[PDB]
Amino acid sequence: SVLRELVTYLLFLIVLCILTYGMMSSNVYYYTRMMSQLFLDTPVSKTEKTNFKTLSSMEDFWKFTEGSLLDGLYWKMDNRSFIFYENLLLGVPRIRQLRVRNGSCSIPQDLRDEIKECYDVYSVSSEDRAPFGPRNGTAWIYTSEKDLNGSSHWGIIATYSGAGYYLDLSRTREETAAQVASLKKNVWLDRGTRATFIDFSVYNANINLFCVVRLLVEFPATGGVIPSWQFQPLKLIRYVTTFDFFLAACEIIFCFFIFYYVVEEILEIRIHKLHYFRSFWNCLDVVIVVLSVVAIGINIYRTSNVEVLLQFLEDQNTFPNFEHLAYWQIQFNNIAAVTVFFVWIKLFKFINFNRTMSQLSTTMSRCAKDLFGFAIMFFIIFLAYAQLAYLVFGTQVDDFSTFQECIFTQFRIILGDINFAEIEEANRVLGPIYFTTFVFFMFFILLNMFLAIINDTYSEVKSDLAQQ
Amino acid sequence: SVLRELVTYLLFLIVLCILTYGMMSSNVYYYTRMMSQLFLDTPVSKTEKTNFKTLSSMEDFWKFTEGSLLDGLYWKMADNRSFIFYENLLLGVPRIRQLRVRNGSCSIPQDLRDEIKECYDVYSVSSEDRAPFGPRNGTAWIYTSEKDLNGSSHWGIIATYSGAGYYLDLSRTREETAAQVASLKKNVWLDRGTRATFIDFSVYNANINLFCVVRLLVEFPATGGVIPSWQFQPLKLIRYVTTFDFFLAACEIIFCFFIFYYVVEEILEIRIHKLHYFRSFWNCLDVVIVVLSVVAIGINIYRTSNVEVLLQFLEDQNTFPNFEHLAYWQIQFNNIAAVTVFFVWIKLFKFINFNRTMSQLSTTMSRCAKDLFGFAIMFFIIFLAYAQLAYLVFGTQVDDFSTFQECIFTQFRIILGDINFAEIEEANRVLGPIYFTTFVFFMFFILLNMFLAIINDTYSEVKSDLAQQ
Amino acid sequence: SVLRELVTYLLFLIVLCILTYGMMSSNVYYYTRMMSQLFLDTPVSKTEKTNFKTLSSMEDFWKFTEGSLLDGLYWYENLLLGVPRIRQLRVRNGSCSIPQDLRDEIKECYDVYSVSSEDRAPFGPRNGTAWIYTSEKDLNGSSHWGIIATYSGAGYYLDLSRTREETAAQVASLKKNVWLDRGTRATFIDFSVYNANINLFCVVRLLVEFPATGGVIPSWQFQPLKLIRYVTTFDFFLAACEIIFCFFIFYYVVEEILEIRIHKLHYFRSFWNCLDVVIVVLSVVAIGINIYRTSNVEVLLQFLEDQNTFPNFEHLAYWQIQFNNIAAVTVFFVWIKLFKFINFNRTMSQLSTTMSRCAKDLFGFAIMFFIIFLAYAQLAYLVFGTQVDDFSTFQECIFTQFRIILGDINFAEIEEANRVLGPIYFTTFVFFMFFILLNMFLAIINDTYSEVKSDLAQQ
Ligand SMILES: *[C@@H]1O[C@H](CO)[C@@H](O)[C@H](O)[C@H]1NC(C)=O
Ligand SMILES: *[C@@H]1O[C@H](CO)[C@@H](O)[C@H](O)[C@H]1NC(C)=O
Ligand SMILES: *[C@@H]1O[C@H](CO)[C@@H](O)[C@H](O)[C@H]1NC(C)=O
Ligand SMILES: *[C@@H]1O[C@H](CO)[C@@H](O)[C@H](O)[C@H]1NC(C)=O
Ligand SMILES: *[C@@H]1O[C@H](CO)[C@@H](O)[C@H](O)[C@H]1NC(C)=O
Ligand SMILES: *[C@@H]1O[C@H](CO)[C@@H](O)[C@H](O)[C@H]1NC(C)=O
Ligand SMILES: *[C@@H]1O[C@H](CO)[C@@H](O)[C@H](O)[C@H]1NC(C)=O
Ligand SMILES: *[C@H]1O[C@H](CO)[C@@H](O)[C@H](O)[C@H]1NC(C)=O
Ligand SMILES: [Ca+2]
Ligand SMILES: [Ca+2]
């Protein structure tokens with residue numbers, strides 16, 4: 001009967017919960033919190049109160065590189081560096097830059113007598129590849145992406161490739177400071193500079209968990225500095241304790257469960273009930289199995305390609321390249337979270353033990369087609385308002401900089417989490433009109449219509465069920 | 001057929017969306033933000049923490065003029081030009097201007113005609129001063145007419161200021177501008193008769209072809225104090241530089257052709273067939289769209305064809321570039337285009353009837369609109385009663401109720417819960433809590449639920465009628 | 001016949017209200033707030049801008065114990081009730097397994113705190129009791145249930161002196177002969193104050209947690225307690241109110257015993273009897289806590305005059321916190337109990353019948369709502385677990401979602417942590433909770449109401 005599928009699903013849910021609990025080691029948050037506090041919040045020097053989060057010019061960047069960055073990276077107990085007497089610095093950090101070439105744009109002939117140099121926004125088509133400055137070392141010669149073992153990044157202004165002009169720093173402060181001073185003397189960040197990256201990693205042998213740090217600074221063509229950061233914890237020496245073997249056994253059991261589910265679905269689609277996509281539960285099951293096999297493939301691909309870590313161990317005086325592992329770890333985490341959410345949602349298939357739950361399920365299922373139909377209208381109006389807000393406030397308020405940001409801001413307005421001190425001053429007319437009309441139409445019309453649909457559907461289904 | 005109208009509307013929507021996405025190019029928001037932070041968030045000097053946004057006295061204005069303004073305007077690389085971020089080229093020279101009133105322009109009572117000798121009224125063209133004052137040397141001490149200055153009104157916060165006044169053109173280097181400002185400060189140029197002050201300039205930033213016009217206004221009300229305001233407006237005056245610009249021009253021509261076709265079709269449909277034609281609510285939307293589109297087209301044509309200011313500036317680049325009319329018309333065009341796009345997107349409801357689910361929803365909305373209007377009349381009458389009570393009671397102490405429209409917006413924010421109850425509780429110990437409690441109670445317990453009652457009754461009636469029939 | 005019940009309940013309610021108002025203005029919150037500002041707000045030293053609320057390293061703690069702690073403790077102008085105690089909990093070297101892949105550069109490891117990995121060997125100069133492990137039994141302490149772990153009552157302890165010139169010397173000696181090694185995991189500081197200006201005893205406990213990943217985490221608790229005595233007439237009035245409350249609860253419990261003896265076969269179908277028994281058990285446990293506190297309050301004044309001994313007074317603070325928590329829910333339930341009298345009219349009867357006839361459907365829908373809630377909470381925990389600190393633990397995720405329901409979003413950390421799947425989570429949660437699910441509740445009630453009125457017609 002149904003007991004077989006119920007107990008199978010319960011076992012699957014239990015093993016899934018164990019897997020997520022194991023992959024969610026306790027108090028990993030504090031590790032990244034301390035690292036980010038050390039490298040992000042300390043002022044660049046003892047004189048001014050500027051940190052990495054509030055950089056505003058190239059001079060501030062040079063101060064940070066020679067200031068708090070070296071104070072954080074190098075600690076005193078070629079002796080190794082322990083970040084907090086616990087976090088060992090692996091290899092050497094690397095600093096890279098991406099720049100455009102002079103003449104990427106065309107100055108209008110009207111002003112072609114007072115302006116000589118123009119530089120376009122960053123793009124792979126219009127990036128520089130020629131040597132500059134004292135063309136002697138690595139930092140002054142372009143290196144291709146393939147020869148650098150790099151990939152794209154998808155920053156804030158644009159998406160930057162993995163090539164550029166790079167330099168590997170040293171294991172001691174006395175040499176890194178000299179290298180950065182030499183880079184500062186012979187001008188390295190010119191008007192053509194568009195992006196800069198600083199990468200390193202730490203281990204913290206106390207808990208088997210690496211940490212990869214990447215800091216990015218963007219120089220827009222209109223002047224200024226935009227900073228960004230990324231701290232990512234990883235695990236690459238998995239099998240060290242008994243709990244690790246337990247988690248491996250759980251992963252094997254999960255793979256067996258996925259194989260059983262997919263073979264059952266294949267046998268149920270192959271012959272019996274051809275084109276059985278008329279049920280919501282079947283679509284949920286196929287979505288679950290697709291996400292699960294994608295996650296399994298990602299884990300298999302990213303668990304055997306640890307050649308970078310193996311290579312690093314032989315020569316511990318080089319730069320360890322752990323960016324691909326971090327990217328795939330993030331992707332795997334996203335996929336696993338979505339899969340867990342859908343597996344939990346699947347529990348509704350079995351909660352029909354009495355009349356009340358069955359009635360609630362019936363009224364929830366029967367209104368699923370009117371709610372979608374009205375959601376189409378609701379989102380049409382929502383997107384019209386969002387586009388109007390984007391066009392009106394798109395250059396002054398910073399909550400309407402992008403279309404998606406406009407959508408998120410409109411969703412936050414419902415909760416009552418907006419300023420309105422900037423909306424009114426950005427545009428004194430047509431600013432308040434938008435806000436007032438949006439509030440009136442969302443709160444007094446559309447929500448009441450959702451409520452009316454739900455009320456009518458529930459009453460009708462209950463009355464007809466009782467009558468029959 | 002309906003398919004022809006649908007495909008024509010989709011083509012029109014695609015062209016319009018292309019226009020909007022092209023008009024918002026790469027992030028000029030950062031372009032505006034860098035200048036705003038440079039000129040507004042910078043403290044006027046090292047030891048004090050006041051900036052342009054928190055000016056509180058005339059001495060603070062003088063500190064700002066000789067302080068952060070000169071620091072931001074002039075940057076170091078014979079009489080070389082200034083690049084604000086090594087990228088934004090300062091165009092010509094900045095200009096400063098002031099508007100003041102006459103002495104004895106008010107009427108004081110005879111009772112206090114001994115302890116009070118001088119009096120200056122509020123700003124008005126009837127009360128403004130036109131006579132030389134102080135060391136009458138140049139244009140800074142002589143009235144200049146609006147026509148001779150090529151200016152216009154502004155519509156500031158307190159009043160609407162004219163385009164005339166006493167003006168001075170600064171220099172291209174910091175050393176000369178500093179001396180000029182010091183001379184203006186020594187000989188008293190800002191008295192208590194001063195009513196408004198303007199600072200204007202522009203930059204180019206050749207990297208992306210986009211000018212920027214900067215205007216800063218400081219108002220001195222007759223009751224004392226200082227009110228600052230600002231305006232940073234990006235512009236595009238050398239459009240045809242790249243192939244994307246030609247693509248946008250072609251799309252604009254296609255848009256004009258679409259508008260012509262739509263107006264021709266509207267004239268054909270209003271000519272003889274359905275002479276009344278106004279009882280559809282879709283014909284009204286169509287004529288509104290056409291009117292807005294033709295207004296936008298006219299504004300664009302009148303704006304792009306009047307660029308002699310740019311040529312005059314390019315003839316001699318040691319003079320003030322006069323670019324405020326272009327910014328004003330750009331703002332007007334932006335507003336018109338935004339409203340037109342909103343209504344065009346709203347027009348999509350004419351075609352979403354592909355099954356029985358959407359038909360009944362649209363029927364419910366159309367049937368309940370006539371009752372929603374009738375109840376909204378009462379709702380808005382009560383809303384305005386509360387707003388006027390708040391304006392008359394808290395309107396002189398809170399500043400969230402200082403103006404009637406501000407009271408309306410404050411009530412709409414109170415609905416969302418974005419209010420500070422303590423600031424109105426202390427303004428009036430009684431009648432404040434009464435106001436807040438009664439407003440919240442009668443807004444969330446009575447007025448909000450009647451809309452639900454009407455909508456639920458209409459939806460149930462429509463659905464039952466359809467099912468029974 | 002219900003007139004006697006209504007009048008006795010009205011007297012009980014007014015007695016409880018006057019007792020609450022007596023507890024309402026105890027003016028203990030303000031003293032504790034401005035005494036916390038004395039320790040957790042003043043800069044650690046004249047040059048550094050940091051305080052106890054913003055400790056970030058071992059050096060900051062070492063500067064705190066020689067500085068803002070000492071100057072603010074020996075000088076509002078409160079006096080000590082003995083000697084403060086400082087205790088340390090540490091782990092042992094080699095408590096975890098270093099992987100063989102990279103072990104030629106790492107020699108020692110220190111696992112997170114646990115009873116299994118706790119250290120007990122005498123480290124440093126074996127002079128006194130600060131360098132030798134003493135079991136929990138001799139310390140007369142219990143667990144603390146900290147932020148990252150729960151800590152035992154044992155460890156390496158040292159009692160300071162009543163004179164600043166000697167306590168400073170002791171802590172300087174502790175700093176010189178290194179006491180906070182890499183194995184240190186937690187540090188406790190405990191003391192008590194009187195502040196004779198306004199009679200209010202206070203017990204102060206401060207904790208610094210050293211994670212295995214480096215850094216420090218501070219936490220604090222200040223708890224006030226009183227030595228109430230018959231010094232006026234108002235305190236006598238409250239004493240008479242307390243005796244009246246005891247008589248009232250005895251009355252309620254004896255007649256509850258009678259009513260359960262006459263109808264023991266069925267006693268749980270009615271809802272008001274369950275509320276009544278909850279009220280009486282809460283009242284009896286609260287009064288037991290109060291009598292224990294007032295019986296044991298006679299021992300604390302022995303250390304007031306002069307005593308070079310540490311008073312362990314954490315149980316009183318814990319039970320006082322529990323007493324306040326119990327009193328709040330007691331008055332709430334004794335405010336709800338008021339709802340069974342207002343049922344005088346026909347409209348009130350219809351409303352009560354509507355509310356009573358839809359309890360099972362509301363409970364049934366609560367299960368589905370909580371299933372979806374837990375699914376969303378687990379998704380948020382998996383996505384934002386290591387970045388936002390509002391989702392660091394599962395209960396934090398649950399409470400953050402509850403706050404989101406009441407409109408308490410931040411959305412800055414959420415957006416920064418994950419540029420995709422963060423905004424998706426926020427938008428989907430808001431749309432599906434503010435437009436679909438939470439409405440269903442009302443729908444249920446709505447239908448029931450209609451049905452009720454309908455049968456009136458048929459009646
Ligand atoms: C950039 O190119 C222009 C001509 O294309 C040249 O005049 C100018 O000197 C160049 N800039 C530099 C820094 O070499
Ligand atoms: C470039 O060449 C070498 C680096 O390989 C260095 O010794 C030399 O000083 C450099 N020239 C400069 C910095 O001008
Ligand atoms: C890229 O990886 C290869 C090994 O696959 C290595 O030899 C080379 O040095 C790397 N390039 C760098 C570190 O720039
Ligand atoms: C303003 O005019 C009054 C007479 O109406 C005169 O007494 C006063 O001195 C004048 N103030 C000036 C000129 O500043
Ligand atoms: C007016 O101009 C003359 C000559 O340009 C100058 O010497 C004087 O300082 C100026 N200011 C006066 C007279 O107040
Ligand atoms: C911890 O124990 C290991 C055992 O191999 C030893 O090598 C190491 O020196 C010890 N740590 C200290 C600080 O002595
Ligand atoms: C430990 O030794 C003696 C105890 O006899 C004590 O006086 C001294 O200060 C302590 N520390 C040392 C000797 O470093
Ligand atoms: C705790 O009480 C016991 C009583 O047996 C006493 O011996 C001990 O000294 C007290 N605490 C301390 C200081 O260990
Ligand atoms: Ca299935
Ligand atoms: Ca038409």
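The chains referred to below are lettered A, B, ... by the order of the sequence lines, with proteins before strands, and numbering in each begins at 1.
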query: Hey, does A:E405 have a side-chain heavy atom less than 4.5 Å from the side chain of C:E415?
result: yes
message: Donor-acceptor check, side chain of A:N427 to backbone of A:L430, threshold 3.5 angstrom: yes or no?
response: no
field: Minimum side-chain heavy-atom gap B:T410-B:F401 below 4.5 Å
entry: yes
query: Side-chain contact, heavy-atom cut-off 4.5 Å: B:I199 with B:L69?
result: yes
statement: To the nearest 0.5 Å, atom OG of B:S36 lies from atom CG of B:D41 at 8.0 Å
field: Polar side-chain atom of B:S82 near backbone of B:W75 as donor-acceptor pair, under 3.5 Å
entry: yes
task: Could you grab the distance from atom NZ of B:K185 to atom CH2 of B:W189, nearest 0.5 Å is fine?
output: 13.0 Å
task: Could you tell me which non-hydrogen atom of B:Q98 sits nearest to which non-hydrogen atom of B:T194, and how far apart they are?
output: OE1-OG1, 3.2 Å
- prompt: Can the ring centroids of B:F412 and A:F435 be said to lie less than 6.0 angstrom from one another?
  reply: no
message: Less than 4.5 Å apart, side chain to side chain, heavy atoms only: is that true for B:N209 and A:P108?
response: yes
Heavy-atom closest contact (A:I407 atom, A:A386 atom, distance): CG1-CB, 4.2 Å
message: Let's go through B:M35 and B:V203 carefully: what are the C-alpha distance in whole Å and the side-chain angles of both, what is the deciding distance for side-chain contact (heavy atoms from CB on, under 4.5 Å) to 0.1 Å, and is it a yes or a no?
response: CA-CA 10 Å; B:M35 308 282 286; B:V203 304; 3.8 Å; yes
- prompt: Under 3.5 Å, side chain of B:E146 to main-chain N/O of B:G163, donor-acceptor pair present?
  reply: yes
Within the 6.0 Å centroid threshold, strictly below: A:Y122 and A:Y160: yes
message: Could you report the tightest heavy-atom contact between A:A426 and A:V397, atom names first, then the distance?
response: CB-CG2, 3.9 Å
message: side chain to side chain donor-acceptor pair (under 3.5 Å), that's the test. Do B:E175 and B:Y74 meet it? Break it down for me.
response: CA-CA 10 Å; B:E175 305 93 42; B:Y74 302 107; over 6 Å; no
- request: Hey, could you give me the NZ/OG1 distance between B:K236 and B:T304, rounded to the nearest 0.5 Å?
  value: 12.0 Å
query: Looking at side-chain heavy atoms only, is the closest gap between B:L38 and B:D71 below 4.5 Å?
result: no
- request: Verify, without hydrogens or angle tests, whether B:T32 (side chain) and B:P234 (backbone) share a donor-acceptor contact under 3.5 angstrom.
  value: no
B:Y31: partners by ring pair (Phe, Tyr, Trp, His ring centres under 6.0 Å), with sequence neighbours left out: none
task: Would you mind reporting whether B:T139 and B:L168 have side-chain heavy atoms less than 4.5 Å apart?
output: yes
- request: For side-chain contact (heavy atoms from CB on, under 4.5 Å), just list the numbers for A:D399 and A:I418, CA-CA rounded to whole Å, side-chain angles, deciding distance to a tenth of an Å, and then say yes or no.
  value: CA-CA 9 Å; A:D399 295 73; A:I418 41 70; 5.6 Å; no
- request: Flag the pair A:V44 / A:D60 as yes when at least one side-chain heavy-atom distance between them is below 4.5 Å, and no otherwise.
  value: no
message: Are more than 12 heavy atoms, taken from residues, nucleotides or ligands other than B:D79, located less than 6.0 Å from that residue's CG atom?
response: no
message: Checking B:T54 now: which residues fulfil side chain to side chain donor-acceptor pair (under 3.5 Å) with it, not counting sequence neighbours?
response: B:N51
message: Quick one, B:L184 with B:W141, criterion side-chain contact (heavy atoms from CB on, under 4.5 Å). Give me CA distance, side-chain angles, the key distance, then yes/no.
response: CA-CA 10 Å; B:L184 273 193; B:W141 316 97; 3.9 Å; yes
task: Would you please classify the geometry between the B:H154 ring and the B:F198 ring as parallel, tilted or perpendicular, with 30° and 60° separating the classes?
output: perpendicular
Where B:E176 and B:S171 come nearest, the two heavy atoms and their spacing: OE2-OG, 3.1 Å
- request: Look at the aromatic rings of B:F201 and B:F39 and report parallel, tilted or perpendicular, splitting at 30° and 60°.
  value: tilted
message: I need the minimum non-hydrogen distance between B:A164 and B:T144, along with the two atoms involved.
response: CB-O, 3.2 Å
Pairwise distance CG(B:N205) to SG(B:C212) - rounded to 0.5 angstrom: 9.0 Å
field: Any side-chain heavy-atom pair of B:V218 and B:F52 under 4.5 Å
entry: yes
For residues 84-96 of chain B, which side-chain N or O atoms pair as donor and acceptor with protein atoms under 3.5 Å away, sequence neighbours left out?
residue: B:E87; atom: OE1; partner: A:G223; partner atom: N; Å: 3.0
residue: B:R95; atom: NE; partner: B:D169; partner atom: OD1; Å: 2.9

task: Check whether any side-chain N or O of A:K53 sits under 3.5 Å from a backbone N or O of A:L40 as a donor-acceptor pair, and report yes or no.
output: no
message: So does B:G156 get a backbone contact from the side chain of B:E219, meaning a donor-acceptor N/O pair under 3.5 Å?
response: no
- prompt: Is there any side chain to side chain donor-acceptor pair (under 3.5 Å) pair reaching into residues 385-398 of chain A, and which pairs are they, with sequence neighbours excluded?
  reply: A:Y385-A:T437, A:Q387-B:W345, A:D398-B:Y29
NZ/NE/NH1/NH2 to OD/OE distance under 4.0 Å, B:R81 and A:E114: no
field: Contact list for residues 205-226 of chain B, test ring-ring contact (aromatic ring centres under 6.0 Å, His included), sequence neighbours left out
entry: B:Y204-B:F211
field: Between OG1 on residue A:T196 and CZ on residue A:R99, distance to nearest 0.5 Å
entry: 10.0 Å
query: Could you walk me through whether B:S56 and B:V226 pass the side-chain contact (heavy atoms from CB on, under 4.5 Å) check?
result: CA-CA 5 Å; B:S56 62; B:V226 165; over 6 Å; no
- prompt: Can you name the closest pair of heavy atoms from A:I115 and B:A206 and give their distance?
  reply: CD1-CB, 3.6 Å
- request: Report the C-alpha separation of A:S57 and A:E59 in whole Å, then their side-chain angles, then the decisive distance to 0.1 Å, and conclude whether the side chain to side chain donor-acceptor pair (under 3.5 Å) test is met.
  value: CA-CA 5 Å; A:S57 68; A:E59 334 296 338; 5.5 Å; no
- request: Return the orientation label for the A:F438 and A:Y434 ring planes: parallel under 30°, perpendicular over 60°, tilted otherwise.
  value: parallel
In residues 319-333 of chain B, what donor-acceptor pairs under 3.5 Å come from side-chain atoms, sequence neighbours left out?
residue: B:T319; atom: OG1; partner: B:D316; partner atom: O; Å: 3.2
residue: B:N322; atom: ND2; partner: B:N150; partner atom: O; Å: 3.2
residue: B:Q330; atom: OE1; partner: B:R303; partner atom: NH1; Å: 2.3

task: May I ask you to decide if B:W62's main-chain N or O and B:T65's side chain share a donor-acceptor pair within less than 3.5 Å?
output: no
- request: Mind checking the CE-CG spacing from B:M23 to A:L391? Nearest 0.5 Å is all I need.
  value: 7.0 Å
- request: Look only at the side chain of A:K49 and the backbone of A:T47, and say whether a donor-acceptor pair between them is shorter than 3.5 Å.
  value: yes
task: Would you tell me whether A:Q404 and A:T402 have side-chain atoms, one donor and one acceptor, within less than 3.5 Å of each other?
output: yes
